[PDB]
Amino acid sequence: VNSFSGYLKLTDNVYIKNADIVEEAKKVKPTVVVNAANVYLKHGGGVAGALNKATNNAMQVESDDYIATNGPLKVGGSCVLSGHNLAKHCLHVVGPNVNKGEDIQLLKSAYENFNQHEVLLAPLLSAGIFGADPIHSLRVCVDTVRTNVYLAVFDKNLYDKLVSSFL
Ligand SMILES: CCCN1C[C@@H](CNc2ncnc3[nH]c4cc(F)ccc4c23)CC1=O
Ligand SMILES: [Cl-]
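Per the deposited record, X-ray crystallography is how this structure was determined, to a resolution of 0.9700 Å.

Draft legend 1. Spatial organisation of the pattern of salt bridges. Tallied over the entire structure, the rule returns five salt bridges. Across the pair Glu102 and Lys100 runs a salt bridge whose closest N-O atoms are separated by 2.5 Å. Relative accessible area serves as the criterion here: at 24%, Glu102 is assigned to the partly exposed category. Relative accessible area serves as the criterion here: at 56%, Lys100 is assigned to the exposed category. Linking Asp160 and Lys156 is a salt bridge whose minimum nitrogen-to-oxygen distance equals 3.3 Å. You can see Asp160 and its partner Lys156 sitting in helix α6 (residues 156-164), four residues apart, about one turn around the helix. On the accessibility criterion, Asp160 (35% relative accessible area) is partly exposed.

Draft legend 2. Geometry of the site of ligand 1. Close to ligand 1 lie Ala19, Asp20, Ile21, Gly46, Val47, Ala50, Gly128, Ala152, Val153, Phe154, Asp155 and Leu158, which account for all nearby residues. With respect to ligand 1, the side chain of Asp20 contributes an N or O atom lying 2.7 Å from a nitrogen atom. When contributions to the shell around ligand 1 are tallied by element, the ones reaching two or more residues are α2 (46-54) and β7 (148-153). Sorting elements by how many residues they give to the shell around ligand 1 places α2 first, with three residues. A breakdown of the residues in the shell around ligand 1 according to their chemical character gives eight nonpolar, two polar and two charged.

Calculation rules
Residues numbered from 1 in each chain as written, not as in the entry; some residues may be left out. Chains lettered and ligands numbered in written order. Heavy atoms only, no water. Salt bridge = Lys/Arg side-chain N within 4 Å of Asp/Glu carboxyl O. Buried < 20%, exposed > 50% of the residue type's maximum accessible area, 1.4 Å probe, protein only. Helix = DSSP H or I, 4+ residues; strand = E, 2+ residues; numbered from the N terminus. Near = heavy atom within 4 Å. Polar contact = N/O pair within 3.5 Å; in protein donor to acceptor, adjacent residues only side chain to side chain. Nonpolar A, V, L, I, M, F, W, Y, C, P; charged D, E, K, R; others polar.

What follows is the structure in structure tokens.
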């Protein structure tokens with residue numbers, strides 16, 4: 001039993017809720033919140049800009065030190081950093097950016113990072129401002145992630161369409 005409330009069960013291990021991931025993180029304080037990161041950990045907008053804003057820019061400060069030490073992530077890759085006031089940890093995961101022509105096949109590699117964590121609160125990787133079809137992102141999540149994932153979807157119409165078109 002965990003504290004995730006009001007989720008609609010999609011599969012054995014995948015659950016979904018109409019919620020802003022930022023507000024959901026503040027309420028639940030999960031062990032792991034996933035950020036929809038880019039390779040430079042520049043948290044300007046989307047999930048990343050919103051999470052970072054909720055940390056009062058502490059996520060960005062930490063991220064800049066990470067990049068100065070380690071260099072950029074790979075598309076499809078991830079790193080674990082602090083969750084600040086939102087979660088114990090933040091798993092920064094880089095899905096491909098379709099607007100920049102990045103390989104959509106890398107979306108599966110991106111979701112594989114979730115399997116290193118038993119339970120996660122997460123957005124739909126590569127969706128939103130990253131340019132991919134959210135219905136496809138949900139499908140890849142279900143067919144790749146084996147650990148327990150709680151997906152927060154910001155947009156109500158999108159949440160409704162994601163649920164309705166699933167089985
Ligand atoms: C029109 C479609 C909106 N999108 C794009 C996809 C990813 N975005 C997010 N996913 C979950 N929580 C979120 N909080 C946010 C706060 C923000 F300022 C900006 C973005 C998000 C966000 C799912 C979704 O609903
Ligand atoms: Cl977004």
